[PDB]
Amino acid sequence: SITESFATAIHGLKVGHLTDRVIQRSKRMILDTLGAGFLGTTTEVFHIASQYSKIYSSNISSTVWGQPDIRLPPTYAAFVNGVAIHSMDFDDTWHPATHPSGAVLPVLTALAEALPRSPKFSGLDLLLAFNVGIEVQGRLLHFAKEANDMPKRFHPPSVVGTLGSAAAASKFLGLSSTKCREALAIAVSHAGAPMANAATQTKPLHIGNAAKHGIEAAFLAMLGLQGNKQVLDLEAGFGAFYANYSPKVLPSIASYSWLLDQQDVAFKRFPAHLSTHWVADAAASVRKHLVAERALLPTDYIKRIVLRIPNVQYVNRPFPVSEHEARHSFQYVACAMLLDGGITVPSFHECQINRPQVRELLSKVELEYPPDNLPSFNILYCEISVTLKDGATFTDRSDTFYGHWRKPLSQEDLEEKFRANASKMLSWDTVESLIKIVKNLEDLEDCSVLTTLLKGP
């Protein structure tokens, strides 16, 4: 069965199955995700998630990133750190479309701190469990062509991320293939959040809950709870989250091939929906024609701004107000880039989003939907056309952006993003120590060195 093929691989994959490339790519993902989390601990949604979670205590506990004072049961530590990771839509993005690392990394750091292993949990053990969690998500996404395109009904992290967390937790716990299977079945009953709460303050909890519920499923499987033995094979099981469900068995452990070895992740340079990174790139490029040697946008002289984009309705927001809406707005990212010449973390403060000059530009934006601009991160582009009041029009088309898997961030730029994100809450020495540890994570003998640094300062 398909379900059995997943359980067999989760249990059976070994450190020796890792490739150099999958280790290199997952180390980049781990660093980027830690940075997103640390920056996320400054957000209101993180404060709410932590205030809720703090009602719970346990003799078996792990720590919230950067917050030595907040010790939580590992399920709730993973919840809060996951909320932080996804709080600003700054975390990594894959193809088919999901945010994979945020569902997996805080699970494994929580469990490593809360539950000593024998032998002790090593950097390679972490990389193995992490890559199993990533791999399971990607294989589940490939169960339907529709997961290649932007989601219409369920938010993918809540669907595949929940099972990825369960798989990573099952790997950490050393569960038998039978108990790995049960963990997946139990996780299915915790999976699946609708798309409506995207672009609201609740969206980050989709990743926090994926992390939390995956651990809960693994724990319950460990204790002996049973679920449907064919849960991934059934239209009324995991297929309930898909419009057209086409599942397939995994490859055999013999000469296993990782999806991450043939599909890199995208890393964001600013905290917003990935589709808007194409918009930002094109708007930055067209701006050169408008400002000449003056460095100033001729705002009053612009007649019309046309964005030729894929039809992605949850990112079509002509007048966003909240930070969450602006992160999901083709239009705001275009106009802020034209006006400001860049997009940064403060671009999504409410006081920037509602600037009168921004709203003047937003009043001039029209969307067009070219038929070949399909709503997939592997296909889509943005073409922007700016028409001036004298009738002159300048056009710029971006089919990728720096940080996309087609143009991946350098190690240097990835580390500089991490430094910017983490220095809000950690000291310089801790930031540099984390860079060095993660860069050489396969050499780390004891993960407690990593989890101790994550407490700060």
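All residue numbers are counted from 1 along the displayed sequence.
Just going by the entry, 69-77 versus 161-169 on mean CA temperature factor gives the higher value to 69-77. In this entry, 141-149 has the higher mean Cα B-factor, the comparison being between 263-271 and 141-149.
Looking only at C180, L105, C351, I85, the residue with the top Cα B factor in the deposited structure is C351. Of the candidates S26, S398, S410, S58, the PDB record gives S58 the highest C-alpha temperature factor.
Ranked by C-alpha B-factor against the other modelled residues of its chain, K417 falls in the middle third. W428: CA B factor lies in the highest third for its chain, per the PDB record. Compared with the other modelled residues of the chain, the Cα B-factor recorded for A36 ranks in the lowest third. Per the deposited record, the Cα B-factor of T93 falls in the lowest third when ranked against the other modelled residues of its chain.
In the deposited entry, the Cα temperature factor of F238 sits in the middle third of values across the chain's modelled residues.
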